[PDB]
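Derivation of every value follows stated rules applied to the coordinates shown; laboratory data play no part. As a convention, Cβ positions derive from the backbone with ideal geometry for all residues, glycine included, and neighbour counts pool all protein chains shown.
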Amino acid sequence: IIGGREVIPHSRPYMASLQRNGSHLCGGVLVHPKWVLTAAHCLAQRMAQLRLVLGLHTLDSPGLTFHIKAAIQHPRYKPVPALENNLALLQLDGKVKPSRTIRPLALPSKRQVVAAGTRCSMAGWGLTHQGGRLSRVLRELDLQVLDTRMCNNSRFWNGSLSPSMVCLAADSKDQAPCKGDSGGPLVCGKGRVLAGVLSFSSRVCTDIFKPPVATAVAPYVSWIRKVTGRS
Amino acid sequence: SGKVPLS
């Protein structure tokens, strides 16, 4: 996150760091005692070298670490250049006992609409400057949902955003998520309800003509339920 | 064209 603020430690206990060889790769959200939901493109890796670490604030600390038993990419995930259905479910090799620093975030009803103008936030350990370095501490940025049609404008995302995609803007031009922040959760409203998982932007993270976009969670709720084994 | 995962 560029221009973001350090979270009160452990105020977002549903946060996961997906890590390759002990180095932060993507955010994730714990949505069941045994499953973290993250971005599908984050899994273009040697699974053997990946871990999920829960209950963190400083990246430089143990936190509670899990091996991954399975990585279930949405059945219709389409990689870049499409980047359609960009979600993956990761099964922990253990079961979270909910505490004060580690607990799942509830899924939204499947009938949730992320309307334009909705006030949200997101958190991550992603880069704090263009071409810089990971944040050392968990951070947050407030974001508002933009109108998708306007976001699909030729000078913006060029007709390329689908109805399952949530288009985002910070309050100022120099605030944006950046490399490391994808997979992280977009939570919206007074109830800080799960509404999105961050996906992509442009190569320049603060590019105002290429605003950050998250995958909407609601349309995927029934697949998440099937996969994690409820209904 | 230019989607870049926050990878």
**Message:** Whether any residue in segment A:216-230 is within 14 Å of another protein chain (Cβ to nearest Cβ), crowded, with 16+ Cβ neighbours inside 10 Å and either assigned to a loop (DSSP other than H, G, I, E, B) or out of contact with any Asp or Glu (no Cβ under 7 Å at 6 or more places or on another chain) (or both) is what I want to check.
**Reply:** no
Flagged in segment A:48-80 as more than 23 Å from A:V217 (Cβ to Cβ), loosely packed, with under 13 Cβ neighbours inside 10 Å and not polar (S, T, N, Q), in numbering order, are A:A48, A:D60, A:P62
Those residues of segment A:98-131 that are out of contact with any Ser or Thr (no Cβ under 8 Å at 6 or more places or on another chain), assigned to a loop (DSSP other than H, G, I, E, B), in contact (Cβ under 8 Å) with a residue 40 or more places away in the chain and not polar (S, T, N, Q) come to a total of 13
Going through segment A:185-204 in order, the residues found to be in contact (Cβ under 8 Å) with a residue 12 or more places away in the chain, facing chain B (nearest Cβ under 8 Å) and not hydroxyl-bearing (S, T, Y) are A:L198, A:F200
Restricting attention to segment A:168-184, the residues that are touching a strand residue (DSSP E or B) at 6+ places or on another chain (Cβ under 7 Å) and more than 9 Å from every other protein chain (Cβ to nearest Cβ) number exactly 7
| message | Would you confirm whether or not segment A:145-159 contains a residue that is within 14 Å of chain B (Cβ to nearest Cβ), buried (at least 20 other Cβ atoms within 10 Å of the Cβ) and assigned to a strand (DSSP E or B)? | response | no
Exercise for review: Using the structure shown, decide if A:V213 is more than 13 Å from every other protein chain (Cβ to nearest Cβ) and surrounded by 24 or more Cβ atoms within 10 Å (Cβ to Cβ).
Suggested key: no
Reported set for segment A:122-140 where residues are within 14 Å of another protein chain (Cβ to nearest Cβ), of a type in the set (A, V, I, L, M) and either surrounded by 23 or more Cβ atoms within 10 Å (Cβ to Cβ) or farther than 20 Å from A:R203 by Cα (or both) is A:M122, A:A123
Checked A:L52, A:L89, A:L56 against criteria (more than 14 Å from chain B (Cβ to nearest Cβ), in a strand (DSSP E or B), hydrophobic (A, V, I, L, M, F, W, C) and in contact (Cβ under 8 Å) with a residue 60 or more places away in the chain); the one match is A:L89
